[PDB]
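For reference, data.tsv (TSV, C-alpha atoms):
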chain	number	residue	atom	x	y	z
A	3002	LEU	CA	254.14	67.15	31.45
A	3003	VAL	CA	252.73	70.50	32.59
A	3004	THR	CA	254.00	72.17	29.42
A	3005	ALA	CA	252.46	69.50	27.18
A	3006	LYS	CA	249.12	69.35	29.01
A	3007	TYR	CA	248.76	73.12	29.31
A	3008	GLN	CA	249.41	73.32	25.57
A	3009	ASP	CA	246.77	70.64	24.98
A	3010	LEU	CA	244.14	72.43	27.07
A	3011	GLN	CA	245.14	75.66	25.32
A	3012	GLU	CA	244.24	74.28	21.90
A	3013	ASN	CA	241.11	72.71	23.40
A	3014	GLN	CA	239.95	76.10	24.67
A	3015	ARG	CA	240.90	77.70	21.35
A	3016	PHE	CA	238.86	75.10	19.46
A	3017	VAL	CA	235.77	75.47	21.65
A	3018	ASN	CA	235.97	79.27	21.43
A	3019	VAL	CA	236.37	79.05	17.65
A	3020	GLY	CA	233.27	76.86	17.56
A	3021	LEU	CA	231.39	79.41	19.67
A	3022	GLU	CA	232.43	82.29	17.41
A	3023	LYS	CA	231.51	80.24	14.33
A	3024	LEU	CA	228.06	79.57	15.79
A	3025	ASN	CA	227.78	83.27	16.62
A	3026	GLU	CA	228.43	84.23	13.00
A	3027	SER	CA	226.44	81.26	11.64
A	3297	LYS	CA	216.59	76.96	15.16
A	3298	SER	CA	215.60	77.66	18.76
A	3299	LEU	CA	216.86	74.25	19.96
A	3300	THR	CA	220.53	75.31	19.95
A	3301	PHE	CA	220.23	75.70	23.73
A	3302	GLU	CA	220.63	71.92	23.72
A	3303	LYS	CA	223.80	72.49	21.65
A	3304	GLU	CA	225.46	75.18	23.78
A	3305	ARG	CA	226.42	72.48	26.32
A	3306	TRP	CA	229.76	72.40	24.48
A	3307	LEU	CA	230.41	75.98	25.56
A	3308	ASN	CA	228.79	75.45	28.96
A	3309	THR	CA	231.64	72.95	29.43
A	3310	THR	CA	233.91	76.02	29.61
A	3311	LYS	CA	233.52	76.00	33.40
A	3312	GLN	CA	234.46	72.30	33.45
A	3313	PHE	CA	237.51	73.18	31.35
A	3314	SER	CA	238.33	75.93	33.86
A	3315	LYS	CA	238.11	73.52	36.79
A	3316	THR	CA	240.34	71.04	34.94
A	3317	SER	CA	242.74	73.93	34.32
A	3318	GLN	CA	242.81	74.85	38.00
A	3319	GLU	CA	243.33	71.22	39.08
A	3320	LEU	CA	245.75	70.03	36.38
A	3321	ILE	CA	248.75	71.47	38.22
A	3322	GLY	CA	248.26	69.14	41.18
A	3323	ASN	CA	247.14	66.30	38.93
A	3324	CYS	CA	250.31	66.56	36.83
A	3325	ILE	CA	252.27	66.79	40.09
A	3326	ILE	CA	250.92	63.48	41.37
A	3327	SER	CA	251.42	62.04	37.87
A	3328	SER	CA	255.10	62.99	38.03
A	3329	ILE	CA	255.53	61.36	41.44
A	3330	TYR	CA	253.82	58.29	39.98
A	3331	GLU	CA	256.27	58.24	37.08
A	3332	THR	CA	259.38	58.75	39.23
A	3333	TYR	CA	258.82	57.83	42.88
A	3334	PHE	CA	256.42	54.89	42.50
A	3335	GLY	CA	259.01	52.67	40.79
A	3336	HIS	CA	260.15	51.20	44.13
A	3337	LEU	CA	256.82	50.76	45.94
A	3338	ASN	CA	254.39	47.86	46.18
A	3339	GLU	CA	250.60	48.26	46.26
A	3340	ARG	CA	250.56	48.88	50.01
A	3341	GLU	CA	253.52	51.27	49.83
A	3342	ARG	CA	251.95	53.10	46.88
A	3343	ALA	CA	248.64	53.47	48.72
A	3344	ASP	CA	250.36	54.75	51.87
A	3345	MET	CA	252.42	57.23	49.85
A	3346	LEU	CA	249.24	58.41	48.11
A	3347	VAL	CA	247.56	59.00	51.46
A	3348	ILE	CA	250.61	60.92	52.68
A	3349	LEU	CA	250.94	62.97	49.50
A	3350	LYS	CA	247.24	63.86	49.35
A	3351	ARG	CA	247.22	64.87	53.02
A	3352	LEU	CA	250.25	67.09	52.43
A	3353	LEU	CA	248.59	68.48	49.30
A	3354	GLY	CA	245.73	69.51	51.56
A	3355	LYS	CA	248.27	71.06	53.91
A	3356	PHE	CA	249.22	73.29	50.95
A	3357	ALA	CA	245.72	73.14	49.52
A	3358	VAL	CA	245.70	73.05	45.72
A	3359	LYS	CA	242.78	71.78	43.70
A	3360	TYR	CA	242.72	68.25	42.27
A	3361	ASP	CA	239.98	65.67	41.76
A	3362	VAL	CA	239.77	63.60	44.93
A	3363	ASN	CA	238.65	60.59	42.88
A	3364	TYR	CA	241.44	59.99	40.39
A	3365	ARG	CA	242.90	57.04	38.49
A	3366	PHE	CA	246.54	57.11	37.40
A	3367	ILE	CA	246.23	54.55	34.60
A	3368	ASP	CA	243.12	56.26	33.21
A	3369	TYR	CA	244.96	59.60	33.04
A	3370	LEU	CA	248.23	59.17	31.12
A	3371	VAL	CA	247.47	56.22	28.81
A	3372	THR	CA	244.36	55.65	26.70
A	3373	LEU	CA	242.64	52.33	26.06
A	3374	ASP	CA	244.38	51.96	22.69
A	3375	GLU	CA	247.81	51.63	24.29
A	3376	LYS	CA	246.20	49.44	26.95
A	3377	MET	CA	244.90	46.83	24.53
A	3378	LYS	CA	248.08	47.08	22.45
A	3379	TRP	CA	250.24	46.33	25.50
A	3380	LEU	CA	247.92	43.59	26.77
A	3381	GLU	CA	248.08	41.99	23.32
A	3382	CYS	CA	251.86	42.06	23.73
A	3383	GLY	CA	251.45	39.80	26.77
A	3384	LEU	CA	251.01	41.93	29.88
A	3385	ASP	CA	249.52	40.37	32.98
A	3386	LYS	CA	246.02	41.72	33.60
A	3387	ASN	CA	246.67	43.46	36.90
A	3388	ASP	CA	246.85	47.11	37.94
A	3389	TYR	CA	250.39	46.97	39.34
A	3390	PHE	CA	252.05	45.76	36.14
A	3391	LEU	CA	249.91	48.07	34.01
A	3392	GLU	CA	251.24	51.00	36.06
A	3393	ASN	CA	254.79	49.67	35.79
A	3394	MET	CA	254.57	49.31	32.01
A	3395	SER	CA	252.99	52.76	31.69
A	3396	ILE	CA	255.78	54.43	33.65
A	3397	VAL	CA	258.56	52.43	31.97
A	3398	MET	CA	257.33	53.26	28.44
A	3399	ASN	CA	256.07	56.74	29.33
A	3400	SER	CA	259.27	58.75	29.92
A	3401	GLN	CA	262.17	58.56	27.46
A	3402	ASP	CA	264.41	61.29	28.92
A	3403	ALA	CA	266.06	58.85	31.34
A	3404	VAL	CA	266.91	55.23	30.61
A	3405	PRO	CA	264.56	52.82	32.44
A	3406	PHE	CA	265.62	49.88	34.60
A	3407	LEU	CA	263.62	46.67	34.22
A	3408	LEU	CA	263.48	44.70	37.48
A	3409	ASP	CA	261.85	41.25	37.61
A	3410	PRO	CA	262.71	37.55	38.02
A	3411	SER	CA	260.52	36.46	35.11
A	3412	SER	CA	262.06	36.96	31.67
A	3413	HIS	CA	258.74	37.27	29.81
A	3414	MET	CA	259.02	41.06	30.15
A	3415	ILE	CA	261.73	41.07	27.48
A	3416	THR	CA	259.44	38.99	25.27
A	3417	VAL	CA	256.50	41.38	25.59
A	3418	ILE	CA	258.84	44.35	25.06
A	3419	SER	CA	260.04	42.76	21.83
A	3420	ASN	CA	256.41	42.15	20.88
A	3421	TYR	CA	255.66	45.85	21.32
A	3422	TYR	CA	258.86	46.74	19.44
A	3423	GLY	CA	258.45	44.14	16.71
A	3424	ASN	CA	261.61	42.88	15.01
A	3425	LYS	CA	264.02	45.37	16.55
A	3426	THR	CA	265.06	43.90	19.93
A	3427	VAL	CA	268.60	42.56	20.27
A	3428	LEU	CA	269.81	40.16	22.96
A	3429	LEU	CA	272.92	41.71	24.52
A	3430	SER	CA	274.58	40.96	27.85
A	3431	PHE	CA	277.22	42.71	29.94
A	3432	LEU	CA	279.10	39.42	30.24
A	3433	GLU	CA	279.29	39.16	26.43
A	3434	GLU	CA	282.48	40.57	24.92
A	3435	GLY	CA	280.73	41.27	21.62
A	3436	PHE	CA	278.24	43.47	23.45
A	3437	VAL	CA	280.53	46.47	22.93
A	3438	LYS	CA	280.91	45.80	19.21
A	3439	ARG	CA	277.23	44.93	18.73
A	3440	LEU	CA	276.22	48.07	20.62
A	3441	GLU	CA	278.54	50.23	18.50
A	3442	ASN	CA	276.91	48.65	15.45
A	3443	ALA	CA	273.35	49.16	16.67
A	3444	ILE	CA	273.83	52.76	17.82
A	3445	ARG	CA	274.62	53.90	14.27
A	3446	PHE	CA	271.23	52.90	12.83
A	3447	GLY	CA	269.57	53.10	16.25
A	3448	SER	CA	268.05	49.67	16.77
A	3449	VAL	CA	266.44	49.17	20.18
A	3450	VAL	CA	268.79	47.37	22.58
A	3451	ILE	CA	267.86	45.52	25.78
A	3452	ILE	CA	270.65	44.32	28.07
A	3453	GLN	CA	269.79	41.62	30.59
A	3454	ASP	CA	272.62	42.03	33.13
A	3455	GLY	CA	271.04	44.28	35.73
A	3456	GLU	CA	273.69	43.19	38.24
B	3548	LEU	CA	230.25	50.15	30.57
B	3549	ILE	CA	233.59	51.92	31.09
B	3550	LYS	CA	234.79	51.00	27.62
B	3551	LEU	CA	231.27	51.74	26.34
B	3552	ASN	CA	231.26	55.34	27.58
B	3553	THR	CA	234.85	55.80	26.39
B	3554	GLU	CA	233.72	54.73	22.92
B	3555	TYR	CA	230.70	57.03	23.17
B	3556	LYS	CA	232.97	59.96	24.07
B	3557	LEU	CA	235.08	59.21	20.99
B	3558	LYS	CA	231.84	59.03	18.99
B	3559	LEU	CA	230.93	62.45	20.39
B	3560	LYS	CA	234.30	63.72	19.18
B	3561	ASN	CA	233.53	62.30	15.73
B	3562	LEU	CA	230.13	64.05	15.86
B	3563	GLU	CA	232.05	67.28	16.72
B	3564	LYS	CA	234.10	66.79	13.50
B	3565	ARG	CA	230.80	66.26	11.58
B	3566	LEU	CA	229.42	69.49	13.16
B	3567	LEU	CA	232.49	71.45	11.92
B	3568	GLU	CA	232.32	69.75	8.47
B	3569	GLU	CA	228.73	71.04	8.27
B	3570	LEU	CA	229.51	74.48	9.68
B	3571	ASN	CA	232.06	74.81	6.88
B	3572	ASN	CA	229.23	74.14	4.40
B	3573	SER	CA	226.87	76.97	5.53
B	3574	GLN	CA	223.05	77.07	5.35
B	3575	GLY	CA	222.81	77.01	1.57
B	3576	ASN	CA	220.75	73.84	1.06
B	3577	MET	CA	217.40	73.05	2.67
B	3578	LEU	CA	218.40	69.37	2.72
B	3579	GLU	CA	221.55	70.44	4.56
B	3580	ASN	CA	219.36	72.51	6.89
B	3581	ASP	CA	217.03	69.56	7.63
B	3582	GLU	CA	219.53	66.70	8.00
B	3583	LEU	CA	220.91	68.59	11.00
B	3584	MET	CA	217.58	67.90	12.70
B	3585	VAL	CA	218.26	64.16	12.74
B	3586	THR	CA	221.93	64.92	13.44
B	3587	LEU	CA	220.99	66.77	16.64
B	3588	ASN	CA	218.41	64.09	17.49
B	3589	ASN	CA	221.15	61.44	17.34
B	3590	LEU	CA	223.40	63.81	19.29
B	3591	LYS	CA	220.77	64.10	22.05
B	3592	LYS	CA	220.33	60.31	22.03
B	3593	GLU	CA	224.07	59.92	22.60
B	3594	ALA	CA	223.96	62.62	25.28
B	3595	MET	CA	221.17	60.85	27.17
B	3596	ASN	CA	223.09	57.59	26.84
B	3597	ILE	CA	226.06	59.33	28.46
B	3598	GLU	CA	223.87	60.78	31.21
B	3599	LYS	CA	222.14	57.49	32.02
B	3600	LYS	CA	225.38	55.49	32.08
B	3601	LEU	CA	227.13	58.08	34.25
B	3602	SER	CA	224.15	57.98	36.62
B	3603	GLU	CA	224.36	54.18	36.70
B	3604	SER	CA	228.08	54.40	37.47
B	3605	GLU	CA	227.37	56.91	40.25
B	3606	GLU	CA	225.83	54.37	42.64
B	3607	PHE	CA	228.39	51.58	42.12
B	3608	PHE	CA	231.47	52.70	44.07
B	3609	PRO	CA	229.56	52.43	47.40
B	3610	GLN	CA	228.34	48.99	46.33
B	3611	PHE	CA	231.82	48.19	45.01
B	3612	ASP	CA	233.67	48.96	48.24
B	3613	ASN	CA	230.87	47.38	50.26
B	3614	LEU	CA	231.50	44.14	48.36
B	3615	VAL	CA	235.29	44.46	48.67
B	3616	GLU	CA	234.89	44.05	52.44
B	3617	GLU	CA	234.36	40.29	52.08
B	3618	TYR	CA	237.31	40.02	49.70
B	3619	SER	CA	239.42	41.96	52.21
B	3620	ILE	CA	238.45	39.73	55.14
B	3621	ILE	CA	239.44	36.81	52.92
B	3622	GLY	CA	242.71	38.45	51.90
B	3623	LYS	CA	243.95	39.45	55.34
B	3624	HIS	CA	243.84	35.75	56.25
B	3625	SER	CA	245.16	34.57	52.89
B	3626	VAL	CA	248.26	36.68	53.50
B	3627	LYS	CA	248.79	35.01	56.88
B	3628	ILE	CA	248.39	31.60	55.24
B	3629	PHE	CA	250.96	32.64	52.64
B	3630	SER	CA	253.40	33.91	55.27
B	3631	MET	CA	253.24	30.69	57.27
B	3632	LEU	CA	253.64	28.70	54.04
B	3633	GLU	CA	256.95	30.37	53.24
B	3634	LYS	CA	257.83	30.06	56.93
B	3635	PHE	CA	257.72	26.31	56.33
B	3636	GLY	CA	259.53	26.85	53.04
B	3637	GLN	CA	262.43	28.60	54.73
B	3638	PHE	CA	262.34	26.08	57.59
Representation of the structure as structure tokens:
Amino acid sequence: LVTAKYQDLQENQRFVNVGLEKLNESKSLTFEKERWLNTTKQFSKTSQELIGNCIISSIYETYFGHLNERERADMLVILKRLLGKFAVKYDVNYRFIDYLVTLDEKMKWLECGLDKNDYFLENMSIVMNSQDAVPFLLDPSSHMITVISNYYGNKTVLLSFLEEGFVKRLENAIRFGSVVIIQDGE
Amino acid sequence: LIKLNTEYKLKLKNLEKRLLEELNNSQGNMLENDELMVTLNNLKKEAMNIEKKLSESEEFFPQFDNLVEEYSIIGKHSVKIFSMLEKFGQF
């Protein structure tokens, strides 16, 4: 995440500096236009806080998969206090779901059938956010598989550990790489 | 208003593309040197929209968490009602 976001801010700074140089080599009202380059200090503050912000994002993605709302809030209080113990800059007011996923993915997922609550939005964001490690869906309701298939279209297969053909069907699907969801978490 | 200012930020990004499109075209045409007047006027209108809506959003979190106090005093009793309900359920 730090690599990707530092890259992103790198091209952002390159683009704004290219715009400044272009204006340099290009009315007296351009002082109302140089706000784009006056945002360089805002970009610098985002640069100096993104390390901690990406940190807390990573703990969200990994650690917060076992915690309820109360547990998540308590862990946030603990983690922010201990950040202050090793003071590193980060915006004190910060929203997780407004930081990693844009509104486009939000309305796409909600159209798939997500419950309109912060907890499940965070859970869906973290489950579909990282692909390096396989995710573990944990819920009594089976509508999660339905909404996952909705997001994936006509690619979900219904395979179970207790099914003997699961091995053969999996060996078939792996070759052309169809998305597989297995429902035997136990 | 949250989705509104998000859309206005994307519109500002689109205006940034328009600015570059123009800067590629140089100051060769007087029409091209006068349409930027209304371009910057619309840009300032969007900027003042952003400023006014951010200012409006500034004084809402205190009101927001003042109003959540009633919902919290409701909830900390609703949870007890729930707990006793499943106490009967397990009984």
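Distances to chain B were evaluated for A:3389, A:3356, A:3431, A:3306 using only C-alpha atoms, and the minimum falls at A:3306.
Close contacts of residue A:3429, defined as residues with an atom at most 10 Å away when counting all atoms listed in the file, with chain neighbours fewer than 3 positions off set aside, comprise residues 3426, 3432, 3433, 3434, 3435, 3436, 3437, 3439, 3440, 3450, 3451, 3452, 3453 and 3454 of chain A.
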For the interface of chain A with chain B (cut-off 10 Å, counting only C-alpha atoms), please tabulate each contacting residue of chain A alongside its nearest pair of atoms and their separation in Å to one decimal, rows sorted by chain and increasing number, as a tab-separated table.
residue	atom	partner	partner_atom	distance
A:3020	CA	B:3567	CA	7.9
A:3023	CA	B:3570	CA	7.7
A:3024	CA	B:3570	CA	8.1
A:3027	CA	B:3573	CA	7.5
A:3297	CA	B:3584	CA	9.4
A:3299	CA	B:3587	CA	9.2
A:3300	CA	B:3587	CA	9.2
A:3302	CA	B:3591	CA	8.0
A:3303	CA	B:3587	CA	8.1
A:3306	CA	B:3563	CA	9.6
A:3372	CA	B:3553	CA	9.5
A:3373	CA	B:3550	CA	8.1
Write to file, as a CSV table (one decimal), keeping the file's coordinate frame, the residues of the selection just made, with C-alpha atoms.
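Wrote it out as out.csv, contents follow:
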chain,number,residue,atom,x,y,z
A,3020,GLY,CA,233.3,76.9,17.6
A,3023,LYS,CA,231.5,80.2,14.3
A,3024,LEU,CA,228.1,79.6,15.8
A,3027,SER,CA,226.4,81.3,11.6
A,3297,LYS,CA,216.6,77.0,15.2
A,3299,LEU,CA,216.9,74.2,20.0
A,3300,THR,CA,220.5,75.3,20.0
A,3302,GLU,CA,220.6,71.9,23.7
A,3303,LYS,CA,223.8,72.5,21.6
A,3306,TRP,CA,229.8,72.4,24.5
A,3372,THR,CA,244.4,55.6,26.7
A,3373,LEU,CA,242.6,52.3,26.1
Q. What is the atom CA of residue B:3621 to atom CA of residue A:3337 distance in Å?
A. 23.4 Å
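Rounded to one decimal, atom CA of residue A:3308 and atom CA of residue B:3586 lie 20.0 Å from each other.
Applying the 8 Å criterion to (226.5, 51.7, 29.5) in file coordinates and using all atoms listed in the file, one obtains the residues residues 3548, 3549, 3551, 3552, 3596, 3597, 3599, 3600, 3601 and 3603 of chain B.
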Q.
I'd like the contact shell of stretch 3405-3413 of chain A - 12 Å cut-off, only C-alpha atoms, skipping same-chain residues fewer than 6 positions apart - returned as a ChimeraX atom specification.
A. /A:3331-3332,3335-3336,3382-3385,3390,3393-3399,3419-3420,3451-3456
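The coordinates place atom CA of residue A:3370 at 15.2 Å from atom CA of residue A:3008.
Residues in contact with residue A:3392 at up to 8 Å, not including ones fewer than 4 positions away on its chain and judged by all atoms listed in the file, are residues 3366, 3367, 3388 and 3396 of chain A.
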Kindly add N, CA and C atoms to the incomplete stretch 3314-3343 of chain A and provide the output as a PDB file, in the frame of the given file.
ATOM      1  N   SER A3314     237.665  75.079  32.886  1.00  0.00           N
ATOM      2  CA  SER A3314     238.330  75.930  33.860  1.00  0.00           C
ATOM      3  C   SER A3314     238.697  75.161  35.124  1.00  0.00           C
ATOM      4  N   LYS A3315     237.796  74.298  35.602  1.00  0.00           N
ATOM      5  CA  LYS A3315     238.110  73.520  36.790  1.00  0.00           C
ATOM      6  C   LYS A3315     239.230  72.514  36.512  1.00  0.00           C
ATOM      7  N   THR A3316     239.224  71.905  35.323  1.00  0.00           N
ATOM      8  CA  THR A3316     240.340  71.040  34.940  1.00  0.00           C
ATOM      9  C   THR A3316     241.632  71.836  34.856  1.00  0.00           C
ATOM     10  N   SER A3317     241.557  73.076  34.371  1.00  0.00           N
ATOM     11  CA  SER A3317     242.740  73.930  34.320  1.00  0.00           C
ATOM     12  C   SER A3317     243.276  74.211  35.712  1.00  0.00           C
ATOM     13  N   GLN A3318     242.387  74.494  36.658  1.00  0.00           N
ATOM     14  CA  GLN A3318     242.810  74.850  38.000  1.00  0.00           C
ATOM     15  C   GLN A3318     243.186  73.636  38.848  1.00  0.00           C
ATOM     16  N   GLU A3319     242.886  72.419  38.389  1.00  0.00           N
ATOM     17  CA  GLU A3319     243.330  71.220  39.080  1.00  0.00           C
ATOM     18  C   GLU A3319     244.462  70.472  38.383  1.00  0.00           C
ATOM     19  N   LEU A3320     244.758  70.802  37.122  1.00  0.00           N
ATOM     20  CA  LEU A3320     245.750  70.030  36.380  1.00  0.00           C
ATOM     21  C   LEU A3320     247.144  70.200  36.958  1.00  0.00           C
ATOM     22  N   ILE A3321     247.421  71.305  37.647  1.00  0.00           N
ATOM     23  CA  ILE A3321     248.750  71.470  38.220  1.00  0.00           C
ATOM     24  C   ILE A3321     249.021  70.386  39.257  1.00  0.00           C
ATOM     25  N   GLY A3322     248.099  70.206  40.201  1.00  0.00           N
ATOM     26  CA  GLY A3322     248.260  69.140  41.180  1.00  0.00           C
ATOM     27  C   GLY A3322     248.157  67.764  40.550  1.00  0.00           C
ATOM     28  N   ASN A3323     247.286  67.611  39.549  1.00  0.00           N
ATOM     29  CA  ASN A3323     247.140  66.300  38.930  1.00  0.00           C
ATOM     30  C   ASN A3323     248.415  65.896  38.189  1.00  0.00           C
ATOM     31  N   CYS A3324     249.030  66.830  37.461  1.00  0.00           N
ATOM     32  CA  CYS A3324     250.310  66.560  36.830  1.00  0.00           C
ATOM     33  C   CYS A3324     251.408  66.349  37.858  1.00  0.00           C
ATOM     34  N   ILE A3325     251.339  67.049  38.993  1.00  0.00           N
ATOM     35  CA  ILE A3325     252.270  66.790  40.090  1.00  0.00           C
ATOM     36  C   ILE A3325     252.222  65.313  40.469  1.00  0.00           C
ATOM     37  N   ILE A3326     251.043  64.853  40.895  1.00  0.00           N
ATOM     38  CA  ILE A3326     250.920  63.480  41.370  1.00  0.00           C
ATOM     39  C   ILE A3326     251.255  62.497  40.250  1.00  0.00           C
ATOM     40  N   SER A3327     250.991  62.871  38.995  1.00  0.00           N
ATOM     41  CA  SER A3327     251.420  62.040  37.870  1.00  0.00           C
ATOM     42  C   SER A3327     252.939  61.925  37.820  1.00  0.00           C
ATOM     43  N   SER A3328     253.646  63.031  38.057  1.00  0.00           N
ATOM     44  CA  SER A3328     255.100  62.990  38.030  1.00  0.00           C
ATOM     45  C   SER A3328     255.659  62.125  39.153  1.00  0.00           C
ATOM     46  N   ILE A3329     255.103  62.251  40.362  1.00  0.00           N
ATOM     47  CA  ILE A3329     255.530  61.360  41.440  1.00  0.00           C
ATOM     48  C   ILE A3329     255.228  59.902  41.106  1.00  0.00           C
ATOM     49  N   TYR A3330     254.083  59.635  40.474  1.00  0.00           N
ATOM     50  CA  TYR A3330     253.820  58.290  39.980  1.00  0.00           C
ATOM     51  C   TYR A3330     254.936  57.815  39.060  1.00  0.00           C
ATOM     52  N   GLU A3331     255.305  58.653  38.091  1.00  0.00           N
ATOM     53  CA  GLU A3331     256.270  58.240  37.080  1.00  0.00           C
ATOM     54  C   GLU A3331     257.640  57.986  37.705  1.00  0.00           C
ATOM     55  N   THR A3332     258.037  58.815  38.669  1.00  0.00           N
ATOM     56  CA  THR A3332     259.380  58.750  39.230  1.00  0.00           C
ATOM     57  C   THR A3332     259.432  57.962  40.539  1.00  0.00           C
ATOM     58  N   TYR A3333     258.648  58.375  41.534  1.00  0.00           N
ATOM     59  CA  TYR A3333     258.820  57.830  42.880  1.00  0.00           C
ATOM     60  C   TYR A3333     258.263  56.416  42.990  1.00  0.00           C
ATOM     61  N   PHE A3334     257.156  56.130  42.307  1.00  0.00           N
ATOM     62  CA  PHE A3334     256.420  54.890  42.500  1.00  0.00           C
ATOM     63  C   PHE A3334     257.080  53.681  41.832  1.00  0.00           C
ATOM     64  N   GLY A3335     258.320  53.802  41.367  1.00  0.00           N
ATOM     65  CA  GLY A3335     259.010  52.670  40.790  1.00  0.00           C
ATOM     66  C   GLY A3335     259.646  51.724  41.786  1.00  0.00           C
ATOM     67  N   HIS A3336     259.543  52.020  43.081  1.00  0.00           N
ATOM     68  CA  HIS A3336     260.150  51.200  44.130  1.00  0.00           C
ATOM     69  C   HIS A3336     259.119  50.665  45.111  1.00  0.00           C
ATOM     70  N   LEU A3337     257.843  50.978  44.922  1.00  0.00           N
ATOM     71  CA  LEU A3337     256.820  50.760  45.940  1.00  0.00           C
ATOM     72  C   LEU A3337     255.844  49.685  45.490  1.00  0.00           C
ATOM     73  N   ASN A3338     255.416  48.857  46.441  1.00  0.00           N
ATOM     74  CA  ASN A3338     254.390  47.860  46.180  1.00  0.00           C
ATOM     75  C   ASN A3338     253.015  48.519  46.256  1.00  0.00           C
ATOM     76  N   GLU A3339     251.956  47.712  46.188  1.00  0.00           N
ATOM     77  CA  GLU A3339     250.600  48.260  46.260  1.00  0.00           C
ATOM     78  C   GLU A3339     250.353  48.937  47.598  1.00  0.00           C
ATOM     79  N   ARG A3340     250.748  48.286  48.695  1.00  0.00           N
ATOM     80  CA  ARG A3340     250.560  48.880  50.010  1.00  0.00           C
ATOM     81  C   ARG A3340     251.397  50.147  50.168  1.00  0.00           C
ATOM     82  N   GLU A3341     252.664  50.095  49.747  1.00  0.00           N
ATOM     83  CA  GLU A3341     253.520  51.270  49.830  1.00  0.00           C
ATOM     84  C   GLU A3341     252.979  52.402  48.963  1.00  0.00           C
ATOM     85  N   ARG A3342     252.507  52.073  47.758  1.00  0.00           N
ATOM     86  CA  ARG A3342     251.950  53.100  46.880  1.00  0.00           C
ATOM     87  C   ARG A3342     250.710  53.734  47.498  1.00  0.00           C
ATOM     88  N   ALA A3343     249.830  52.923  48.088  1.00  0.00           N
ATOM     89  CA  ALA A3343     248.640  53.470  48.720  1.00  0.00           C
ATOM     90  C   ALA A3343     248.998  54.371  49.898  1.00  0.00           C
TER      91      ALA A3343
END
